[PDB]
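Undergrad: File structure.csv below, CSV, C-alpha atoms:
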chain,number,residue,atom,x,y,z
A,541,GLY,CA,-7.5,27.7,-14.7
A,542,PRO,CA,-6.8,24.0,-13.7
A,543,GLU,CA,-5.4,25.0,-10.3
A,544,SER,CA,-8.5,27.1,-9.6
A,545,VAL,CA,-10.7,24.1,-10.6
A,546,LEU,CA,-8.9,21.9,-8.0
A,547,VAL,CA,-9.1,24.5,-5.2
A,548,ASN,CA,-12.7,25.4,-6.1
A,549,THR,CA,-13.9,21.8,-6.1
A,550,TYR,CA,-12.5,21.1,-2.6
A,551,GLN,CA,-13.8,24.5,-1.4
A,552,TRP,CA,-17.3,23.5,-2.6
A,553,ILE,CA,-17.2,20.1,-0.9
A,554,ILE,CA,-16.2,21.9,2.4
A,555,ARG,CA,-18.9,24.6,2.0
A,556,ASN,CA,-21.5,21.9,1.5
A,557,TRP,CA,-20.1,19.3,3.8
A,558,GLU,CA,-23.3,19.1,5.9
A,559,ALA,CA,-25.4,17.9,2.9
A,560,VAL,CA,-22.5,16.0,1.2
A,561,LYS,CA,-21.7,13.9,4.3
A,562,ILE,CA,-25.3,12.7,4.7
A,563,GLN,CA,-25.6,11.9,1.0
A,564,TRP,CA,-22.3,10.0,1.1
A,565,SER,CA,-23.9,7.7,3.7
A,566,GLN,CA,-27.5,7.5,2.4
A,567,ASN,CA,-27.4,7.9,-1.4
A,568,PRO,CA,-23.8,7.9,-2.5
A,569,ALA,CA,-24.5,7.1,-6.2
A,570,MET,CA,-26.6,10.3,-6.4
A,571,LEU,CA,-23.7,12.2,-4.8
A,572,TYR,CA,-21.1,10.8,-7.2
A,573,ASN,CA,-23.2,11.7,-10.2
A,574,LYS,CA,-23.5,15.5,-9.3
A,575,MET,CA,-22.7,17.9,-12.1
A,576,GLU,CA,-20.5,19.9,-9.7
A,577,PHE,CA,-17.7,17.3,-10.1
A,578,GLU,CA,-17.4,17.6,-13.9
A,579,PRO,CA,-14.7,20.4,-13.9
A,580,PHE,CA,-12.5,18.2,-11.7
A,581,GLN,CA,-13.1,15.2,-13.9
A,582,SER,CA,-11.7,17.1,-16.9
A,583,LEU,CA,-8.4,17.2,-15.0
A,584,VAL,CA,-8.2,13.4,-14.6
A,585,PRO,CA,-6.6,11.4,-17.5
A,586,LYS,CA,-9.4,9.9,-19.7
A,587,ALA,CA,-7.6,6.6,-20.0
A,588,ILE,CA,-7.8,6.0,-16.2
A,589,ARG,CA,-10.6,8.0,-14.7
A,590,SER,CA,-13.1,5.1,-14.8
A,591,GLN,CA,-10.7,2.8,-13.0
A,592,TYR,CA,-9.9,5.5,-10.4
A,593,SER,CA,-13.7,5.8,-9.8
A,594,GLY,CA,-14.2,2.1,-9.4
A,595,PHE,CA,-11.3,2.1,-6.9
A,596,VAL,CA,-12.5,5.0,-4.9
A,597,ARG,CA,-16.2,3.9,-4.9
A,598,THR,CA,-15.0,0.5,-3.5
A,599,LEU,CA,-12.8,2.2,-0.8
A,600,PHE,CA,-15.8,4.3,0.2
A,601,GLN,CA,-18.0,1.2,0.7
A,602,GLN,CA,-15.3,-0.4,2.8
A,603,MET,CA,-15.4,2.7,5.0
A,604,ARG,CA,-19.3,2.4,5.3
A,605,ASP,CA,-19.0,-1.2,6.2
A,606,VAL,CA,-16.2,-1.1,8.8
A,607,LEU,CA,-17.4,0.5,12.0
A,608,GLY,CA,-15.5,3.4,13.5
A,609,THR,CA,-13.3,4.1,10.4
A,610,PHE,CA,-15.1,7.2,9.0
A,611,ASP,CA,-12.5,9.7,7.9
A,612,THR,CA,-13.7,13.1,6.8
A,613,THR,CA,-10.4,14.1,5.3
A,614,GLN,CA,-10.2,10.9,3.2
A,615,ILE,CA,-13.7,11.2,1.9
A,616,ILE,CA,-13.2,14.8,0.9
A,617,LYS,CA,-9.9,14.1,-0.8
A,618,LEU,CA,-11.1,11.2,-2.8
A,619,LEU,CA,-14.7,12.2,-3.5
A,620,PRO,CA,-14.2,14.0,-6.9
A,621,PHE,CA,-12.5,10.8,-8.3
A,622,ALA,CA,-15.8,8.9,-7.7
A,623,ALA,CA,-17.5,11.0,-10.4
A,624,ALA,CA,-16.6,9.0,-13.5
A,625,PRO,CA,-18.6,5.9,-14.7
A,626,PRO,CA,-16.8,3.2,-12.6
A,627,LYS,CA,-14.9,0.2,-13.9
A,628,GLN,CA,-13.4,-2.4,-11.7
A,629,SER,CA,-9.7,-3.6,-11.7
A,630,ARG,CA,-7.4,-5.5,-9.4
A,631,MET,CA,-4.8,-2.7,-9.1
A,632,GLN,CA,-3.9,-0.8,-6.0
A,633,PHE,CA,-3.3,3.0,-6.7
A,634,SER,CA,-1.0,4.8,-4.3
A,635,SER,CA,-1.7,8.1,-5.9
A,636,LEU,CA,-4.2,9.7,-8.4
A,637,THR,CA,-3.3,12.0,-11.3
A,638,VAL,CA,-4.7,15.4,-11.8
A,639,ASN,CA,-3.5,17.6,-14.7
A,640,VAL,CA,-2.6,21.0,-13.2
A,641,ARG,CA,0.2,23.6,-13.6
A,642,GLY,CA,1.0,22.1,-17.0
A,643,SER,CA,1.8,18.6,-15.6
A,644,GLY,CA,0.3,15.5,-14.1
A,645,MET,CA,0.5,16.0,-10.3
A,646,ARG,CA,-0.3,13.1,-8.0
A,647,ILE,CA,-2.6,13.2,-5.0
A,648,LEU,CA,-1.4,10.6,-2.5
A,649,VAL,CA,-4.2,8.2,-1.5
A,650,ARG,CA,-2.9,7.9,2.1
A,651,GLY,CA,-2.2,11.1,4.0
A,652,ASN,CA,-1.0,14.4,2.8
A,653,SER,CA,0.8,15.5,-0.4
A,654,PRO,CA,1.8,18.8,-2.0
A,655,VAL,CA,-1.6,18.9,-3.8
A,656,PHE,CA,-3.8,17.9,-0.8
A,657,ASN,CA,-2.5,19.0,2.6
A,658,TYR,CA,-4.8,18.8,5.6
A,659,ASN,CA,-3.3,20.5,8.7
A,660,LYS,CA,-4.3,18.6,11.8
A,661,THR,CA,-3.1,21.5,13.9
A,662,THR,CA,-5.0,24.4,12.2
A,663,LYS,CA,-7.8,22.1,11.0
A,664,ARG,CA,-7.7,23.7,7.5
A,665,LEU,CA,-7.3,22.1,4.1
A,666,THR,CA,-4.6,23.5,1.8
A,667,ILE,CA,-4.8,22.7,-1.9
A,668,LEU,CA,-1.7,23.5,-4.0
A,669,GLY,CA,-0.5,25.9,-1.2
A,670,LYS,CA,-3.8,27.8,-1.0
A,671,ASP,CA,-6.6,27.7,1.6
A,672,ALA,CA,-9.7,25.6,0.9
A,673,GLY,CA,-11.3,26.1,4.3
A,674,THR,CA,-11.8,24.4,7.7
A,675,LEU,CA,-12.8,20.8,8.0
A,676,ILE,CA,-15.5,19.9,10.5
A,677,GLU,CA,-14.9,16.5,11.9
A,678,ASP,CA,-17.6,13.9,12.9
A,685,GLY,CA,-6.9,3.3,14.2
A,686,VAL,CA,-8.0,1.2,11.3
A,687,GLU,CA,-7.7,2.7,7.8
A,688,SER,CA,-10.5,1.4,5.5
A,689,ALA,CA,-10.1,3.6,2.5
A,690,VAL,CA,-6.5,3.2,1.3
A,691,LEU,CA,-6.2,-0.3,-0.1
A,692,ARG,CA,-8.9,-2.2,-2.0
A,693,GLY,CA,-9.8,-5.4,-0.2
A,694,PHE,CA,-7.6,-4.6,2.8
A,695,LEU,CA,-7.6,-2.8,6.1
A,696,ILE,CA,-4.5,-1.1,7.5
A,697,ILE,CA,-4.6,-2.2,11.1
A,698,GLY,CA,-1.6,-0.8,12.9
A,699,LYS,CA,2.2,-0.7,13.1
A,700,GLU,CA,4.6,-3.3,11.6
A,701,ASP,CA,4.6,-6.7,13.3
A,702,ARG,CA,7.7,-8.8,12.5
A,703,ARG,CA,5.6,-12.0,13.1
A,704,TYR,CA,4.1,-11.5,9.6
A,705,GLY,CA,7.4,-11.5,7.7
A,706,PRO,CA,9.1,-9.4,5.0
A,707,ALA,CA,7.3,-6.2,3.9
A,708,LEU,CA,5.5,-6.4,0.6
A,709,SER,CA,4.8,-3.5,-1.8
A,710,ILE,CA,1.2,-2.7,-2.5
A,711,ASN,CA,1.4,-4.6,-5.8
A,712,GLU,CA,2.5,-7.8,-4.1
A,713,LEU,CA,-0.7,-8.5,-2.1
A,714,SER,CA,-3.0,-10.3,-4.6
A,715,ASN,CA,-2.3,-13.8,-3.5
A,716,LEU,CA,-2.7,-13.3,0.2
A,717,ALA,CA,-5.5,-15.3,1.8
A,718,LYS,CA,-8.7,-13.9,3.2
A,719,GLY,CA,-7.9,-12.8,6.8
A,720,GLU,CA,-4.2,-13.0,6.3
A,721,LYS,CA,-2.0,-10.3,7.8
A,722,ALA,CA,1.1,-8.9,6.1
A,723,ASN,CA,3.5,-6.0,6.5
A,724,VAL,CA,3.3,-3.5,3.7
A,725,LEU,CA,5.7,-0.7,2.6
A,726,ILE,CA,2.9,1.9,2.3
A,727,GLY,CA,5.3,4.9,1.8
A,728,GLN,CA,9.0,5.8,2.3
A,729,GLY,CA,10.2,4.4,5.6
A,730,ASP,CA,6.6,3.6,6.7
A,731,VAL,CA,5.8,-0.1,7.1
A,732,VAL,CA,2.3,-0.9,8.3
A,733,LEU,CA,0.4,-4.1,9.2
A,734,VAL,CA,-2.5,-4.8,6.9
A,735,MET,CA,-5.2,-7.5,6.8
A,736,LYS,CA,-6.9,-8.9,3.7
A,737,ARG,CA,-10.6,-8.6,4.4
A,738,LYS,CA,-12.7,-11.8,4.7
B,541,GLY,CA,26.1,-14.5,4.1
B,542,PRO,CA,23.2,-13.2,2.1
B,543,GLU,CA,25.4,-10.6,0.3
B,544,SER,CA,27.8,-13.3,-0.7
B,545,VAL,CA,24.9,-15.4,-2.1
B,546,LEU,CA,23.8,-12.6,-4.3
B,547,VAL,CA,27.3,-11.8,-5.6
B,548,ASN,CA,28.1,-15.5,-6.0
B,549,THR,CA,24.9,-16.2,-8.0
B,550,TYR,CA,25.6,-13.5,-10.5
B,551,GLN,CA,29.3,-14.5,-10.7
B,552,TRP,CA,28.2,-18.1,-11.5
B,553,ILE,CA,25.8,-17.0,-14.3
B,554,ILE,CA,28.6,-14.9,-15.8
B,555,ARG,CA,31.2,-17.7,-15.5
B,556,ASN,CA,28.8,-20.1,-17.2
B,557,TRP,CA,27.2,-17.7,-19.6
B,558,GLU,CA,28.2,-19.6,-22.7
B,559,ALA,CA,26.1,-22.6,-21.6
B,560,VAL,CA,23.4,-20.6,-19.9
B,561,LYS,CA,22.7,-18.4,-22.9
B,562,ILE,CA,22.1,-21.4,-25.2
B,563,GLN,CA,19.9,-23.1,-22.6
B,564,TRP,CA,17.9,-19.9,-22.1
B,565,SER,CA,17.0,-20.0,-25.8
B,566,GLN,CA,16.7,-23.8,-26.3
B,567,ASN,CA,15.4,-25.3,-23.0
B,568,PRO,CA,14.6,-22.5,-20.6
B,569,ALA,CA,12.5,-24.6,-18.2
B,570,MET,CA,15.4,-26.8,-17.6
B,571,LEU,CA,17.6,-23.8,-16.9
B,572,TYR,CA,15.1,-22.3,-14.5
B,573,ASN,CA,14.9,-25.5,-12.5
B,574,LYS,CA,18.7,-25.7,-11.9
B,575,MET,CA,19.7,-26.3,-8.3
B,576,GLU,CA,22.3,-23.5,-8.5
B,577,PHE,CA,19.5,-20.9,-8.1
B,578,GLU,CA,18.2,-22.2,-4.7
B,579,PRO,CA,20.5,-20.0,-2.5
B,580,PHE,CA,19.2,-16.9,-4.3
B,581,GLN,CA,15.6,-18.1,-4.0
B,582,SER,CA,16.1,-18.3,-0.2
B,583,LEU,CA,16.5,-14.5,-0.3
B,584,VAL,CA,13.3,-13.8,-2.1
B,585,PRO,CA,10.2,-13.3,0.1
B,586,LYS,CA,8.2,-16.6,0.2
B,587,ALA,CA,4.8,-14.8,-0.3
B,588,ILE,CA,5.9,-13.3,-3.7
B,589,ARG,CA,8.6,-15.5,-5.3
B,590,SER,CA,6.1,-17.5,-7.4
B,591,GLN,CA,4.6,-14.4,-8.8
B,592,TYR,CA,8.0,-12.9,-9.5
B,593,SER,CA,8.8,-16.1,-11.4
B,594,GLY,CA,5.7,-16.0,-13.5
B,595,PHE,CA,6.5,-12.4,-14.3
B,596,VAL,CA,10.1,-12.9,-15.3
B,597,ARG,CA,9.3,-16.1,-17.2
B,598,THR,CA,6.8,-14.2,-19.2
B,599,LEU,CA,9.2,-11.3,-19.8
B,600,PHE,CA,11.8,-13.7,-21.1
B,601,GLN,CA,9.3,-15.3,-23.6
B,602,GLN,CA,8.6,-11.7,-24.9
B,603,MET,CA,12.3,-11.3,-25.5
B,604,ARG,CA,12.5,-14.6,-27.4
B,605,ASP,CA,9.5,-13.6,-29.5
B,606,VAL,CA,10.4,-10.1,-30.5
B,607,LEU,CA,13.3,-10.0,-32.9
B,608,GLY,CA,16.4,-8.0,-32.1
B,609,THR,CA,15.5,-7.3,-28.4
B,610,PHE,CA,18.0,-9.8,-26.8
B,611,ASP,CA,19.6,-8.1,-23.8
B,612,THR,CA,22.3,-10.0,-22.0
B,613,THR,CA,22.3,-7.7,-18.9
B,614,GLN,CA,18.5,-8.0,-18.5
B,615,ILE,CA,18.6,-11.8,-18.8
B,616,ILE,CA,21.4,-12.1,-16.3
B,617,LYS,CA,19.7,-9.7,-13.8
B,618,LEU,CA,16.3,-11.4,-13.8
B,619,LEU,CA,17.3,-15.1,-14.3
B,620,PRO,CA,17.5,-16.1,-10.6
B,621,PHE,CA,13.9,-14.9,-10.1
B,622,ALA,CA,12.7,-17.4,-12.7
B,623,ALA,CA,13.7,-20.3,-10.4
B,624,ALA,CA,10.5,-20.5,-8.3
B,625,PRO,CA,7.4,-22.5,-9.4
B,626,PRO,CA,5.6,-19.8,-11.4
B,627,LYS,CA,2.2,-18.3,-10.8
B,628,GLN,CA,0.6,-15.8,-13.1
B,629,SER,CA,-0.8,-12.4,-12.1
B,630,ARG,CA,-1.8,-9.1,-13.8
B,631,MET,CA,0.7,-6.9,-11.8
B,632,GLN,CA,3.6,-5.0,-13.2
B,633,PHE,CA,6.6,-5.1,-10.9
B,634,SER,CA,9.1,-2.2,-11.1
B,635,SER,CA,11.5,-3.8,-8.7
B,636,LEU,CA,12.1,-7.2,-7.1
B,637,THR,CA,12.9,-7.8,-3.4
B,638,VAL,CA,16.0,-9.6,-2.1
B,639,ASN,CA,16.7,-10.0,1.6
B,640,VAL,CA,20.3,-8.9,2.1
B,641,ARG,CA,22.2,-6.7,4.6
B,642,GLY,CA,19.4,-7.3,7.1
B,643,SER,CA,16.7,-5.6,4.9
B,644,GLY,CA,14.6,-6.0,1.8
B,645,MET,CA,16.7,-4.4,-1.0
B,646,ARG,CA,15.0,-3.9,-4.4
B,647,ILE,CA,16.5,-4.8,-7.8
B,648,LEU,CA,15.1,-2.4,-10.4
B,649,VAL,CA,13.6,-4.3,-13.3
B,650,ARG,CA,14.6,-1.6,-15.8
B,651,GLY,CA,18.3,-0.5,-15.8
B,652,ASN,CA,20.7,-0.2,-12.9
B,653,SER,CA,20.2,0.0,-9.2
B,654,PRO,CA,22.5,-0.1,-6.1
B,655,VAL,CA,22.1,-3.9,-6.0
B,656,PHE,CA,22.6,-4.5,-9.7
B,657,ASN,CA,24.9,-2.1,-11.6
B,658,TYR,CA,26.2,-2.9,-15.0
B,659,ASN,CA,28.8,-0.5,-16.2
B,660,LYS,CA,28.5,0.1,-19.9
B,661,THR,CA,31.9,1.8,-19.9
B,662,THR,CA,34.0,-0.9,-18.2
B,663,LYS,CA,31.6,-3.8,-19.3
B,664,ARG,CA,31.7,-5.2,-15.8
B,665,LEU,CA,28.8,-6.1,-13.4
B,666,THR,CA,28.9,-4.7,-9.9
B,667,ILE,CA,26.7,-6.3,-7.3
B,668,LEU,CA,26.2,-4.4,-4.0
B,669,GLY,CA,29.4,-2.5,-4.8
B,670,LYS,CA,31.6,-5.6,-5.5
B,671,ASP,CA,32.8,-7.0,-8.8
B,672,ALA,CA,30.9,-9.9,-10.3
B,673,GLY,CA,32.8,-10.1,-13.6
B,674,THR,CA,32.8,-9.0,-17.3
B,675,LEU,CA,29.6,-9.4,-19.4
B,676,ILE,CA,30.1,-10.8,-22.9
B,677,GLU,CA,27.5,-9.3,-25.3
B,678,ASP,CA,25.9,-11.1,-28.1
B,685,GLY,CA,15.9,0.1,-29.2
B,686,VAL,CA,12.8,-1.9,-28.2
B,687,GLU,CA,12.7,-3.2,-24.6
B,688,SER,CA,10.8,-6.5,-24.4
B,689,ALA,CA,11.6,-7.6,-20.8
B,690,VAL,CA,10.4,-4.8,-18.6
B,691,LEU,CA,6.6,-4.7,-18.7
B,692,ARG,CA,4.4,-7.8,-19.0
B,693,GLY,CA,2.3,-7.6,-22.2
B,694,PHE,CA,4.0,-4.4,-23.4
B,695,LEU,CA,7.1,-3.2,-25.4
B,696,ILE,CA,8.9,0.0,-24.5
B,697,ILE,CA,9.3,1.5,-28.0
B,698,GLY,CA,11.1,4.8,-27.6
B,699,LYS,CA,10.9,8.3,-26.2
B,700,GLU,CA,7.7,10.1,-25.1
B,701,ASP,CA,5.3,11.2,-27.9
B,702,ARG,CA,2.8,13.8,-26.8
B,703,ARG,CA,0.4,12.5,-29.5
B,704,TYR,CA,-0.5,9.7,-27.0
B,705,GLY,CA,-1.6,11.8,-24.1
B,706,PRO,CA,-0.9,12.1,-20.3
B,707,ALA,CA,1.7,9.8,-18.9
B,708,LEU,CA,0.4,6.7,-17.0
B,709,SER,CA,2.0,4.9,-14.2
B,710,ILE,CA,2.8,1.2,-14.7
B,711,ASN,CA,-0.3,0.2,-12.7
B,712,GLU,CA,-2.6,2.2,-15.0
B,713,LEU,CA,-2.1,0.2,-18.2
B,714,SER,CA,-4.6,-2.7,-17.8
B,715,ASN,CA,-7.4,-1.3,-19.9
B,716,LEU,CA,-5.3,-0.2,-22.9
B,717,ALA,CA,-6.3,-1.9,-26.1
B,718,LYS,CA,-4.1,-4.4,-28.0
B,719,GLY,CA,-1.8,-2.3,-30.2
B,720,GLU,CA,-2.5,0.9,-28.3
B,721,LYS,CA,0.4,3.2,-27.5
B,722,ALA,CA,0.7,5.3,-24.3
B,723,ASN,CA,3.3,7.4,-22.5
B,724,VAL,CA,4.5,5.8,-19.2
B,725,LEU,CA,6.3,7.2,-16.3
B,726,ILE,CA,8.8,4.3,-16.1
B,727,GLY,CA,11.0,6.0,-13.4
B,728,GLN,CA,11.8,9.5,-11.9
B,729,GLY,CA,11.8,12.0,-14.8
B,730,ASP,CA,11.8,9.3,-17.4
B,731,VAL,CA,8.7,9.1,-19.6
B,732,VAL,CA,8.8,6.5,-22.3
B,733,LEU,CA,6.4,5.4,-25.1
B,734,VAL,CA,5.0,1.9,-24.8
B,735,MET,CA,2.8,-0.3,-26.9
B,736,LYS,CA,0.4,-3.0,-25.7
B,737,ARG,CA,1.3,-6.1,-27.6
B,738,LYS,CA,-1.2,-7.6,-30.0
What's the structure tokens form of this structure?
TA:
Amino acid sequence: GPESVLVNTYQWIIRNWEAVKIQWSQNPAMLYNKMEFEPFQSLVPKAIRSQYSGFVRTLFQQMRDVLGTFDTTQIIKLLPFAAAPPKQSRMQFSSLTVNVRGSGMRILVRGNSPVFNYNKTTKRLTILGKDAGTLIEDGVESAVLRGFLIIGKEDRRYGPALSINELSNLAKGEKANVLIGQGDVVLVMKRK
Amino acid sequence: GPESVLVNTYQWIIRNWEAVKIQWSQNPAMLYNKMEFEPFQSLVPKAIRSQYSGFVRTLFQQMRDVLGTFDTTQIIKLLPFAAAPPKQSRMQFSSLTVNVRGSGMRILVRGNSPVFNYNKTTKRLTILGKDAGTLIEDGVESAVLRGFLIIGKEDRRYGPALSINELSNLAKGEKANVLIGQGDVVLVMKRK
């Protein structure tokens, strides 16, 4: 069923991570267009899956472009969302819907969630409470906000915290504090 | 202090509601530019108060334009946010920051919140747990989402629920289900 599709998709990415990782760097459009992502795509709401894809494809390019920010967990998490024909938008998505267990569950873009839980202690990925396998690894977070880097902890110098939908009029190169999740304020920078 | 400013601003709107209500309908730009809203504006983050204002001014015009949707509570709640020079944006704000009690507290755009609590049973407004006075009243919600009307309860006909940041590519006149708050899905329509 839908839960199996989600677990199986992440299991497949892990099993083939050697090849997938290279393709993500060298020919990502070919990777995104692989048939193996179609079952996952069936779980993503039709009204939004193209915008999710444009978002994730842009995040991935940020990661390619900003040295030292490669994050295996983040690539694996987001990769199936890149598989729709992309459309651009100005929105920041904090989570991404998948239809599973008879409801829309939401995968958090930053860090762990009940759907996608990578255990830094055991090194295994758990999807909806089930094992998906072991991740084989290769401060700035380049694949969370479109057009921004998360650069560290809160700095009071930069004023009141903004929500992720309050960033559109910041200047290129401007730093701001952002409420990125419950009780977690981070410093971001709008990319030049 | 800042808490007093918030309570006093809402008390003032209520005390002068007779005049304010007429001006809101007949000469809203004059109303928005009144000096009495400056102390409230000092509480709104400088980086976002113009965008909050463009949002609220647009919501108010929706209410003027859609017959039978006048909502005294909603006008009073949002009015001080209209007092900044407005700037337009495509964002949907679910809550609006005010700096009070040494933190950024958030006034929910739809319905009640700890900061702004209108009691439908007693008919009084409570701001940060203190009385602000009695509201004197004059299904569609026209002043919550920019470019949309909330039109009723969830209708499964219209598919998976979308978050408020997932609405930008809906067509004019299209209906969708929206997760407007925790465990509350509503049907919306994108205005023609």
Undergrad: Give me, as JSON lines, each residue of chain B that comes within 10 Å of chain A, together with its shortest interatomic pair and the distance in Å at one decimal, counting only C-alpha atoms, with rows ordered by chain and rising residue number.
TA:
{"residue": "B:584", "atom": "CA", "partner": "A:706", "partner_atom": "CA", "distance": 9.3}
{"residue": "B:585", "atom": "CA", "partner": "A:706", "partner_atom": "CA", "distance": 6.4}
{"residue": "B:586", "atom": "CA", "partner": "A:706", "partner_atom": "CA", "distance": 8.7}
{"residue": "B:587", "atom": "CA", "partner": "A:716", "partner_atom": "CA", "distance": 7.7}
{"residue": "B:588", "atom": "CA", "partner": "A:712", "partner_atom": "CA", "distance": 6.5}
{"residue": "B:589", "atom": "CA", "partner": "A:712", "partner_atom": "CA", "distance": 9.9}
{"residue": "B:590", "atom": "CA", "partner": "A:715", "partner_atom": "CA", "distance": 10.0}
{"residue": "B:591", "atom": "CA", "partner": "A:712", "partner_atom": "CA", "distance": 8.4}
{"residue": "B:592", "atom": "CA", "partner": "A:712", "partner_atom": "CA", "distance": 9.2}
{"residue": "B:627", "atom": "CA", "partner": "A:715", "partner_atom": "CA", "distance": 9.7}
{"residue": "B:629", "atom": "CA", "partner": "A:714", "partner_atom": "CA", "distance": 8.1}
{"residue": "B:630", "atom": "CA", "partner": "A:630", "partner_atom": "CA", "distance": 8.0}
{"residue": "B:631", "atom": "CA", "partner": "A:711", "partner_atom": "CA", "distance": 6.5}
{"residue": "B:632", "atom": "CA", "partner": "A:711", "partner_atom": "CA", "distance": 7.7}
{"residue": "B:633", "atom": "CA", "partner": "A:711", "partner_atom": "CA", "distance": 7.3}
{"residue": "B:634", "atom": "CA", "partner": "A:711", "partner_atom": "CA", "distance": 9.7}
{"residue": "B:635", "atom": "CA", "partner": "A:709", "partner_atom": "CA", "distance": 9.6}
{"residue": "B:636", "atom": "CA", "partner": "A:709", "partner_atom": "CA", "distance": 9.8}
{"residue": "B:637", "atom": "CA", "partner": "A:708", "partner_atom": "CA", "distance": 8.5}
{"residue": "B:638", "atom": "CA", "partner": "A:706", "partner_atom": "CA", "distance": 9.9}
{"residue": "B:639", "atom": "CA", "partner": "A:706", "partner_atom": "CA", "distance": 8.3}
{"residue": "B:643", "atom": "CA", "partner": "A:706", "partner_atom": "CA", "distance": 8.5}
{"residue": "B:644", "atom": "CA", "partner": "A:706", "partner_atom": "CA", "distance": 7.2}
{"residue": "B:705", "atom": "CA", "partner": "A:585", "partner_atom": "CA", "distance": 8.3}
{"residue": "B:706", "atom": "CA", "partner": "A:585", "partner_atom": "CA", "distance": 6.4}
{"residue": "B:707", "atom": "CA", "partner": "A:644", "partner_atom": "CA", "distance": 7.6}
{"residue": "B:708", "atom": "CA", "partner": "A:588", "partner_atom": "CA", "distance": 8.3}
{"residue": "B:709", "atom": "CA", "partner": "A:637", "partner_atom": "CA", "distance": 9.3}
{"residue": "B:711", "atom": "CA", "partner": "A:631", "partner_atom": "CA", "distance": 6.5}
{"residue": "B:712", "atom": "CA", "partner": "A:588", "partner_atom": "CA", "distance": 6.6}
{"residue": "B:713", "atom": "CA", "partner": "A:588", "partner_atom": "CA", "distance": 8.4}
{"residue": "B:714", "atom": "CA", "partner": "A:629", "partner_atom": "CA", "distance": 8.0}
{"residue": "B:715", "atom": "CA", "partner": "A:587", "partner_atom": "CA", "distance": 7.9}
{"residue": "B:716", "atom": "CA", "partner": "A:587", "partner_atom": "CA", "distance": 7.7}
{"residue": "B:722", "atom": "CA", "partner": "A:587", "partner_atom": "CA", "distance": 9.4}
Undergrad: Skip stretch 649-661 of chain B itself and residues of its chain fewer than 4 positions away, then list as a compact mmCIF listing (two decimals) with C-alpha atoms, keeping the file's coordinate frame all residues within 8 Å of it, counting all atoms listed in the file.
TA:
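Below is the file that was written, selection-v3.txt:
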# COMPACT_ATOMS: atom_id res chain seq x y z
CA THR B 613 22.30 -7.70 -18.90
CA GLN B 614 18.50 -8.00 -18.50
CA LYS B 617 19.70 -9.70 -13.80
CA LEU B 618 16.30 -11.40 -13.80
CA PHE B 633 6.60 -5.10 -10.90
CA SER B 634 9.10 -2.20 -11.10
CA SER B 635 11.50 -3.80 -8.70
CA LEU B 636 12.10 -7.20 -7.10
CA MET B 645 16.70 -4.40 -1.00
CA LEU B 665 28.80 -6.10 -13.40
CA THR B 666 28.90 -4.70 -9.90
CA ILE B 667 26.70 -6.30 -7.30
CA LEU B 668 26.20 -4.40 -4.00
CA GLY B 669 29.40 -2.50 -4.80
CA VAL B 690 10.40 -4.80 -18.60
Undergrad: Quick one: residues within 10 Å of stretch 695-703 of chain B, only C-alpha atoms counted, chain neighbours fewer than 2 positions away excluded, as an MDAnalysis selection string?
TA: chainID B and resid 602:603 606 609 685:693 705:707 721:726 730:737
Undergrad: Using Å and a single decimal, report how far atom CA of residue B:622 sits from atom CA of residue B:570.
TA: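 Spanning atom CA of residue B:570 to atom CA of residue B:622 is a straight-line distance of 10.9 Å.
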Undergrad: From the set A:551, A:628, A:674, A:573, which residue has the shortest atom-to-atom contact distance to residue A:599, counting all atoms listed in the file?
TA: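 Nearest to residue A:599: A:628.
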Undergrad: For atom CA of residue A:621 and atom CA of residue A:719, quote the distance in Å rounded to one decimal.
TA: 28.4 Å
Undergrad: Tell me, in Å to one decimal, how far atom CA of residue A:640 is from atom CA of residue A:553.
TA: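 Interatomic distance, atom CA of residue A:640 to atom CA of residue A:553: 19.1 Å.
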Undergrad: I'd like to know which of B:547, B:718, B:565, B:552 is closest to residue B:605, using all atoms listed in the file.
TA: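 Selected residue with least distance to residue B:605: B:565.
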Undergrad: Neighbouring residues of residue B:675 were defined as those with any atom within 7 Å, considering only C-alpha atoms; residues of the same chain fewer than 4 positions away were excluded. Please report them as a PyMOL selection string.
TA: chain B and resi 554+663-665
Undergrad: Could you write out that same residue set with C-alpha atoms as an mmCIF file, in the coordinates of the input?
TA:
data_model
loop_
_atom_site.group_PDB
_atom_site.id
_atom_site.type_symbol
_atom_site.label_atom_id
_atom_site.label_comp_id
_atom_site.auth_asym_id
_atom_site.auth_seq_id
_atom_site.Cartn_x
_atom_site.Cartn_y
_atom_site.Cartn_z
ATOM 1 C CA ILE B 554 28.600 -14.900 -15.800
ATOM 2 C CA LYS B 663 31.600 -3.800 -19.300
ATOM 3 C CA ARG B 664 31.700 -5.200 -15.800
ATOM 4 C CA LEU B 665 28.800 -6.100 -13.400
#
